[PDB]
Amino acid sequence: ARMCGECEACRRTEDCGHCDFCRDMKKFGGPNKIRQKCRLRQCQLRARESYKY
DNA sequence: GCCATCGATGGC
DNA sequence: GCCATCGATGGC
Ligand SMILES: [Zn+2]
Ligand SMILES: [Zn+2]
């Protein structure tokens, strides 16, 4: 739905740990208030423009 | 029950 | 219409 399953972003399995969305994750100490995927993982086709890197 | 991440929403 | 959230839910 928000994933083509085919782009670089979709195939990627590892969070960058450095974008705002990563910083937000509990995985990375963040408060978990934004709740979105790594920016490098936002599908290049289907994502909200303003989620992309 | 938790996690990953989506759609929704209120403020701007 | 957009952002910064926040409620919701599929998949585990
Ligand atoms: Zn990231
Ligand atoms: Zn994709």
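These values consider heavy atoms only, across backbone and side chains, with no hydrogens, waters or symmetry-generated copies. The sequence lines fix the lettering, A, B, ..., with proteins before strands; numbering per chain opens at 1.
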Tell me if a side-chain donor or acceptor on A/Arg39 pairs with a main-chain N or O of A/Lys52 at a distance below 3.5 Å. yes
Side-chain N or O of A/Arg2 closer than 4.0 Å to phosphate OP1/OP2 of B/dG7: yes
Report yes if a side-chain nitrogen or oxygen of A/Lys37 is closer than 4.0 Å to either non-bridging phosphate oxygen (OP1 or OP2) of B/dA4; otherwise report no. no
Can you tell me how far CD of A/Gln42 sits from CZ of A/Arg48, rounded to the nearest 0.5 angstrom? 9.5 Å
From C/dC3, B/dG7, C/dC6, nucleotide with atom closest to A/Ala1 side chain: B/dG7
Expressed in angstrom and rounded to an integer, what is the separation of A/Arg12 atom CZ from B/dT5 atom P? 14 Å
Atom pair NE2/SG of A/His18 and A/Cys38 - distance to nearest 0.5 Å: 10.5 Å
Between atom CZ of A/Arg11 and atom SG of A/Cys4, what is the distance when rounded to the nearest 0.5 Å? 7.5 Å
Give the rounded distance in Å between these two atoms: NZ of A/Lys52 and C1' of B/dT5. 17 Å
With respect to the phosphate group of C/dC3, does any side-chain polar atom (N or O) of A/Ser50 fall under 4.0 Å of OP1 or OP2? yes
For the sugar ring of C/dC6, does the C1'-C2'-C3'-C4' torsion put it in the north or the south range? south
Which atom pairs link the protein and nucleotides 8-10 of chain B when you take only N or O atoms and keep those under 3.5 Å?
| residue | atom | partner | partner atom | Å |
| --- | --- | --- | --- | --- |
| B/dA8 | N6 | A/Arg48 | NH1 | 3.3 |

Interatomic distance where CZ belongs to A/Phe28 and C1' belongs to B/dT5 [whole Å]: 15 Å
Spacing of A/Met3 atom CE relative to C/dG11 atom P, expressed in whole Å: 13 Å
Hey, is the main chain of A/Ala9 close enough, under 3.5 Å, to the side chain of A/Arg41 for a donor-acceptor pair? no
Atom CG of A/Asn32 and atom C1' of C/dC6: how far apart are they, to the nearest Å? 10 Å
Given atom CG of A/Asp24 and atom P of C/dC6, what is their separation to the nearest angstrom? 11 Å
Tell me the interatomic distance from A/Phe21, atom CZ, to C/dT5, atom P, rounded to whole angstroms. 11 Å
Donor-acceptor pair present, A/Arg35 side chain and C/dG7 base, under 3.5 Å: yes
Would you give the length of the straight line joining atom CZ of A/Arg2 to atom CG of A/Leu45, rounded to the nearest 0.5 angstrom? 12.0 Å
A/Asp24 side chain vs A/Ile34 backbone, donor-acceptor pair below 3.5 Å: yes
Rounding to an integer number of Å, can you tell me how far A/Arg41 CZ sits from B/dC6 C1'? 13 Å
Interatomic distance, A/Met25 atom CE to A/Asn32 atom CG [nearest 0.5 angstrom]: 8.5 Å
Under the rule of Watson-Crick or G-U wobble with both distances under 3.5 Å, where | means paired to another strand and [ ] a crossing pair, DNA chain B maps to |||||||||.||
From A/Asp15 atom CG to A/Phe21 atom CZ, the distance as rounded to the nearest 0.5 Å: 12.5 Å
